[PDB]
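Heads up, the thing below is written out as structure tokens.
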Ligand SMILES: *[C@@H]1O[C@H](CO)[C@@H](O[C@@H]2O[C@H](CO)[C@@H](O)[C@H](O)[C@H]2NC(C)=O)[C@H](O)[C@H]1NC(C)=O
Ligand SMILES: *[C@@H]1O[C@H](CO)[C@@H](O[C@@H]2O[C@H](CO)[C@@H](O)[C@H](O)[C@H]2NC(C)=O)[C@H](O)[C@H]1NC(C)=O
């Protein structure tokens, strides 16, 4: 609807500061059944 | 202390982006506690 | 009605709630009036006497 709007990404902050800890959370959850 | 207060629930915006994570966090322990 | 009657159409609004919208333009938040309604009522009632 609005004219002049441009296409760009927005670095939403809450996910990657979580994903800095979700990466080791995802590593720990899936590798628990590995051995 | 306040008069005229009305009982209601408030939709917490800090929940659902991590409740969706909590939807998949508890899913990540379904496989963890399966064997 | 508050201040609206001086702009356009007059909208009704409860007076114990107009005041919490008149603290907010000073610098003190509105979570002070409700917590002190009775004392401010007596201070206003005694001041006009
Ligand atoms: C911003 O991106 C969207 C999609 O990434 C663009 O929308 C597309 O526009 C083309 C132009 O013909 C269409 O053919 C596509 O079907 C559209 N896709 C979608 C999903 O809507 C949009 O044009 C981009 N805006 C700008 C200013 O580049
Ligand atoms: C607002 O909700 C709270 C809690 O849901 C109510 O507090 C209790 O309500 C039950 C049900 O009426 C009473 O039996 C209890 O005695 C209440 N607790 C206390 C400490 O009084 C509260 O009554 C509700 N208020 C309104 C106006 O509905």
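Chains as they are written, first to last, in the entry's author numbering: chain C, 1123 to 1157; chain B, 1125 to 1159; chain A, 881 to 929. Note that beta-carbon positions come from the ideal geometry of N, C-alpha and C, so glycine has one too.
- Query: Which chain C residues are close to residue 1159/B, counting only those with a beta carbon under 9 Å from its beta carbon?
  - Reply: 1155
- Could you name the residues of chain C that residue 1141/B contacts, counting a contact when the two beta carbons are closer than 7 Å? 1136
- How many angstroms separate the CA atom of residue 1129/B from the CA atom of residue 1145/B? 33 Å
- Item | Span of the alpha helix (DSSP H), counted from its first residue to its last, around residue 927/A | 917–928
- Task: Please confirm if the stretch 881–900 of chain A is in contact with the stretch 911–920 of chain A, defined as three or more CB-CB distances below 8 Å between the two stretches.
- Result: yes
- Which residues mark the beginning and the end of the alpha helix (DSSP H) in which residue 900/A is found? 900–903
- Would you check whether ligand 1 has a heavy atom nearer than 8 Å to the C-beta of residue 1168/C? There is simply no residue 1168/C to check, as chain C begins at 1123 and stops at 1157 in what is shown.
- Query: Counting along the chain, where does the alpha helix (DSSP H) carrying residue 1141/C start and finish?
  - Reply: 1136–1152
- Task: Anything with a beta carbon under 7 Å from a heavy atom of ligand 1 counts; list them all in chain order.
- Result: 1128/C and 1129/C
- In chain B, which residues lie with their C-beta within 7 Å of the C-beta of residue 917/A? 1127
- Using a Cβ cut-off of 9 Å (strictly closer), state whether residue 914/A contacts chain B. yes
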